[PDB]
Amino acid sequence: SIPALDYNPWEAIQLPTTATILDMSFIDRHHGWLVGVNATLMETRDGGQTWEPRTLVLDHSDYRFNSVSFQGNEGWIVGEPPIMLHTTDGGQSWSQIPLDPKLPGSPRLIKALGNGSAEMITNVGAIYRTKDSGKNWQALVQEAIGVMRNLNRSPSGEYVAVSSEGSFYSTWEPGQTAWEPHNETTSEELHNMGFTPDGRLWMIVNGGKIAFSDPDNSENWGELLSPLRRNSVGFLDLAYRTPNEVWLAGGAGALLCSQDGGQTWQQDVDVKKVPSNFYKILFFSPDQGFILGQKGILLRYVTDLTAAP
């Protein structure tokens, strides 16, 4: 079995809820919001150590809040069935923005660009942009691609979308008028994909394997790596805290850390006790990170008091 990690930086926090949390975003170091199932909406003022519920005046509370994104005090929330909320004062007040009924599918992701601009993607891949605080939306891609298994965004605004059956993945970048399908890269079933901090792609495929794209050609993939060397445990999300430290979350309390960019892995055994699947990792800076779970449990990253840099 792989070596145990020396320090466990992940602290469990019980939110005042049992809803599953789906996304999180910070205005600044201390002031942030998280969202989830059942119109769950909570605020922190102390960097995510403590969270306060916020109730919205909605027509109903069955909304699934999928995505929250801030740029400064300007913030956006989208969910299903189609709903979009906007704030200009860091969430002190939230306004509902009417969506076009002709929107194909429901909003899955929203990205605040600041100064009234935002980009939104539906769960079938329609991409819309606003420059006027949501009054008007330009369609950047209307040719839908079907339900996505996972969707991630690069720093330069590229998107990668895993197809519904994991048979392929699709990419899009500003300028393109349709998603680009990428077929037969792997013989394995794709689960999740995203971007590294050096401009490569990563993928999790079913069976607990991962791979990184070739820096010479993002169409080509390196060897399938098995972080645990056993096929038994599948992974759900991968995220970098720094260019070299990668965290990988999976089923059955699996949480692995690599300090060399994903070649060698150690296991965080202290979190096997925590009763939640770890479905999503978010780092906001090298000292601020969260692992999103079920039953209102949230892991918070706590920097090592004996590590110097």
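One rule holds for the numbers: they count along the sequence shown, beginning at 1.
Novice: Select between 53-61 and 280-288 the stretch whose C-alpha atoms have the higher average B-factor in the entry.
Specialist: The stretch with the larger average C-alpha B-factor is 53-61.
Novice: If you average the Cα B factors in the entry, which is higher, 19-27 or 5-13?
Specialist: Per the PDB entry, the higher value belongs to 5-13.
Novice: Go through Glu119, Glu74, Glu158, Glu219 one by one and give the residue whose Cα B-factor in the PDB entry is largest.
Specialist: Highest C-alpha B-factor among the listed options: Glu219.
Novice: Given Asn231, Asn123, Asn150, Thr196, identify the residue with the highest C-alpha B factor in the PDB entry.
Specialist: Out of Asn231, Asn123, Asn150, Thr196, the record gives the largest C-alpha B-factor to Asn231.
Novice: Compare the C-alpha B factor of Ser69 with those of the other modelled residues in its chain, then answer lowest, middle or highest third.
Specialist: Lowest third - that is where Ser69 ends up once the chain's C-alpha B-factors are sorted.
Novice: Sorting the chain's modelled residues by C-alpha B-factor, tell me whether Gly253 ends up in the lowest, middle or highest third.
Specialist: Highest third - that is where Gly253 ends up once the chain's C-alpha B-factors are sorted.
Novice: Using the temperature factors of the C-alpha atoms in this entry, rank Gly261 within its chain: lowest, middle or highest third.
Specialist: Highest third - that is where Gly261 ends up once the chain's C-alpha B-factors are sorted.
Novice: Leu85: which third of its chain by C-alpha temperature factor?
Specialist: Its C-alpha B-factor, which the entry lists for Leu85, ranks in the lowest third among residues of this chain.
Novice: Quick check for you: using the entry's CA B-factors within this chain, is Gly36 in the lowest, middle or highest third?
Specialist: Its C-alpha B-factor, which the entry lists for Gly36, ranks in the middle third among residues of this chain.
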